[PDB]
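Notes follow once the structure below has been shown.
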Amino acid sequence: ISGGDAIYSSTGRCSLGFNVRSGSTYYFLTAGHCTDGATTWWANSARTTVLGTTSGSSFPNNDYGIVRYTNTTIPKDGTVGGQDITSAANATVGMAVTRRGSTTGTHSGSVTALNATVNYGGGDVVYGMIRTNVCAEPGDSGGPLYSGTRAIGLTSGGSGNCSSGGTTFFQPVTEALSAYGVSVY
Amino acid sequence: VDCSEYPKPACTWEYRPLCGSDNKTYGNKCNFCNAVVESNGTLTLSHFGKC
């Protein structure tokens with residue numbers, strides 16, 4: 001399983017952000033709003049292939065969560081679809097980026113602004129977000145935003161859709177890597 | 001589902017489908033409620049889950 005693939009909790013479906021690790025412990029990052037209140041994660045709708053359990057969740061304010069793999073056999077590719085990821089980097093205005101999600105697949109665009117504040121309402125406000133002109137739709141949450149072999153962010157939310165165009169905000173992946181002391185591979 | 005706090009300028013993108021009266025499956029409640037608003041209150045909830 002790799003970045004962009006579907007992941008199922010007891011509540012719904014999101015997308016796997018990036019596979020990461022610390023020592024010999026493997027985890028995967030995804031959106032905090034997906035990890036919030038979720039315990040177990042599965043690789044399929046039938047909930048027959050277990051992935052692991054939530055080890056951390058940060059939302060709102062930030063929007064990242066981490067799941068510890070408990071499935072010992074499933075391949076954990078350090079890629080996004082077939083795309084190899086070899087490092088993480090900071091987004092910059094004008095940067096060409098690509099997102100992959102379980103609903104819409106792969107879409108590209110550019111970073112249009114940094115440190116954006118997104119209010120999802122009801123007190124769910126996230127700060128320091130990367131703004132882009134990349135579309136996304138329900139199910140795409142937590143999927144990776146990358147640039148070439150560089151990991152950039154995790155899909156959080158936004159507006160519009162892929163048919164008519166949209167605006168998507170992403171959580172900087174560097175912040176999550178640092179919080180959890182994990183790294184991409 | 002109650003769409004009074006709508007519209008909202010942004011929605012998170014998790015998938016938990018709802019079926020609208022237009023026979024379209026809406027990916028999540030935020031997505032659904034914004035469409036209700038955009039329809040000027042004409043769209044209604046048919047049932048939870050995919051259409």
Side-chain angles (χ1 to χ4, degrees), chain A residues 1-21 25-57 59 63-85 98-107 135-146 151 153-157 161-162 168 170-171 173 176 180 182 184-185, chain B residues 11-19 24-32 47-51:
Chain A
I1 191 172
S2 70
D5 287 349
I7 59 174
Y8 302 83
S9 68
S10 61
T11 64
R13 160 170 65 87
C14 288
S15 302
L16 193 149
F18 295 97
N19 274 323
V20 296
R21 84 214 226 180
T25 300
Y26 289 88
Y27 304 87
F28 70 78
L29 296 172
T30 182
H33 70 261
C34 291
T35 49
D36 186 60
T39 58
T40 311
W41 285 92
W42 292 268
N44 64 326
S45 53
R47 271 66 172 187
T48 67
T49 302
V50 200
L51 285 182
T53 52
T54 309
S55 284
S57 184
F59 175 86
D63 199 355
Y64 60 74
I66 181 160
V67 178
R68 178 170 77 193
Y69 274 107
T70 50
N71 182 319
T72 69
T73 63
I74 202 183
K76 299 152 194 82
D77 310 311
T79 68
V80 169
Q83 182 62 54
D84 206 12
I85 292 298
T98 302
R99 173 195 61 64
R100 183 178 192 251
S102 76
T103 294
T104 60
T106 299
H107 292 258
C135 64
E137 301 174 3
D140 290 340
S141 269
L145 182 78
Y146 63 103
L154 304 160
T155 306
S156 173
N161 59 62
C162 294
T168 304
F170 301 78
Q171 157 71 58
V173 78
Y180 303 134
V182 294
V184 296
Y185 62 91
Chain B
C11 292
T12 43
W13 299 130
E14 78 280 9
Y15 185 75
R16 293 174 72 186
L18 300 171
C19 180
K24 177 168 173 180
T25 292
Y26 288 84
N28 64 40
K29 135 163 196 191
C30 183
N31 205 241
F32 173 77
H47 56 89
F48 303 88
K50 279 167 351 162
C51 285

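Naming convention: chains lettered A, B, ... in sequence-line order (proteins, then strands); numbering from 1 in each chain. The figures that follow rest on heavy atoms only: side chains count, while hydrogens, waters and symmetry mates do not.
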Practice item. Please step through side-chain contact (heavy atoms from CB on, under 4.5 Å) for the pair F170(A) and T155(A), ending with a clear verdict. Key: CA-CA 5 Å; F170(A) 301 78; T155(A) 306; 3.3 Å; yes
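Considering CH2 of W42(A) and OG of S10(A), their distance stands at 6.0 Å, rounded to 0.5 Å. Rounding to the nearest 0.5 Å places CD1 of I1(A) at 7.0 Å from CZ of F28(A). To the nearest 0.5 Å, atoms CH2 (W41(A)) and CD1 (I7(A)) are separated by 4.0 Å.
Considering all non-hydrogen atoms of both residues, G81(A) and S2(A) come closest at N-OG, 3.1 Å. Shown here for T12(B) and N28(B), the closest heavy-atom pair between the two residues is O-ND2, 3.1 Å. Across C162(A) and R99(A), no two heavy atoms sit closer than the pair SG-NH2, 4.2 Å.
Listed by chain and residue number, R100(A) satisfy the salt bridge (charged side-chain N to carboxylate O under 4.0 Å, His left out) test with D5(A) (two or more places apart in sequence, or in another chain). Residues meeting the side chain to side chain donor-acceptor pair (under 3.5 Å) test with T72(A), sequence neighbours left out: none. Here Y26(A) pairs with nothing under the side chain to side chain donor-acceptor pair (under 3.5 Å) rule; sequence neighbours left out. The salt bridge (charged side-chain N to carboxylate O under 4.0 Å, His left out) test applied to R13(A) returns no partner, not counting sequence neighbours. Take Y15(B) and apply the ring pair (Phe, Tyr, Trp, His ring centres under 6.0 Å) test, not counting sequence neighbours, and it matches no residue. Evaluation of the side chain to side chain donor-acceptor pair (under 3.5 Å) rule for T40(A) yields no partner, not counting sequence neighbours.
Remark: the backbone N or O of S102(A) is paired with a side-chain donor or acceptor of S15(A) at under 3.5 angstrom. Checked by atom type and distance alone, the side chain of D140(A) pairs as donor or acceptor with a backbone atom of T104(A) at under 3.5 Å. Using modelled atom types, no side-chain atom of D77(A) and backbone atom of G82(A) make a donor-acceptor pair closer than 3.5 Å.
In summary, of the residues considered (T54(A), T35(A), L16(A)), a side-chain contact (heavy atoms from CB on, under 4.5 Å) with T30(A) occurs for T35(A) alone. No option in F18(A), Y64(A), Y27(A) other than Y64(A) meets the ring-ring contact (aromatic ring centres under 6.0 Å, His included) test with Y180(A).
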